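Just the one chain here, the form deposited in one PDB entry, laid out as structure tokens.
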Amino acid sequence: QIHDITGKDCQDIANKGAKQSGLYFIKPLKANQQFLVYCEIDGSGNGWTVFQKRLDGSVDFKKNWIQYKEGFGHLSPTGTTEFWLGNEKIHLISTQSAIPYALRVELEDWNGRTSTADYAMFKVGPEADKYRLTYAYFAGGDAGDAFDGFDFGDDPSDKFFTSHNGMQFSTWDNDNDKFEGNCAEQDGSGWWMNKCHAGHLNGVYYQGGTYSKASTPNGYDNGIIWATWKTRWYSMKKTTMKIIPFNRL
């Protein structure tokens, strides 16, 4: 169920001998109390700390500010459950000791194809700054750089409106986006919204992937999307968001 070795993150845990993916206790520099996390440990001693997982539509991602801050969903020793670790925990891990962390977004198709997109020097700010997302540069990956924004063709400033670097976090009850309306409320989720999005992994789980403007009454593109890999009308089968110290790349 839960393993004995502990550390500051899953890489530290892997550096101490553990070789099995599963549940572990970690305690980041500023964390006053230890908490449970799911570590993904591969054959090369890489230990990834997973903070978000989607795979079957068992959890509703339309949660409020406090829920996204504290975390929701279920942690499993088998890694077959959906959850959001919690913004406060993501903040404590990503900013401890100025250690440079890399974020890996892993996506899976309804056709079996998996893709990734890596971001160097990933960080999540404190609550005072509404858990802002910042990264140095896109490090590569076949899923493409959706965080850089995308020109959908709706408005000439589309790219400026869809980038995510520097965006604060938003939930329906705590709007901090760059939109006149409420992106989080219209979509029904919690995310780093701009004048909405180009990459949005906390959207509605549409079975089969393909959906349309007709699926929803207002026709919102509120699925689990990553514009640089698939159309805004295609919802992902599985997603994984995980972090590891930059030097492990």
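Only residues modelled in both forms are compared. In case it trips you up, residue 1 is the first one in the sequence shown, and so on. Here, rigid core means the biggest group of C-alpha atoms that superpose within 1.5 Å across both forms.
Separately, the form deposited with a partner chain bound exists; it is not shown, and the next lines address it.
Handout entry: Interface membership of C10, its partner chain in the entry with it bound, 4.5 Å heavy atom rule
Key = Flag for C10 set to no.
Exercise for the section: Although its partner chain is absent from this view, report whether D158 comes within 4.5 Å of it in the entry with it bound, heavy atoms only. Expected result: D158 belongs to the contact set for its partner chain.
Exercise for the section: May I ask you to check whether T171 falls inside a 4.5 Å heavy atom distance of its partner chain in the entry with it bound? Expected result: Result no; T171 lies far from its partner chain in the entry with it bound.
Exercise for the section: With heavy atoms only and a cut-off of 4.5 Å, decide whether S94 touches its partner chain in the entry with it bound. Expected result: So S94 does not count as contacting its partner chain.
Exercise for the section: Three or more consecutive residues, each Cα shifted by 2 Å or more between the shown form and the other one after core superposition: list those runs for me in sequence order. Expected result: In sequence order there is one run that relocates between the shown form and the other one, which is 216-218.
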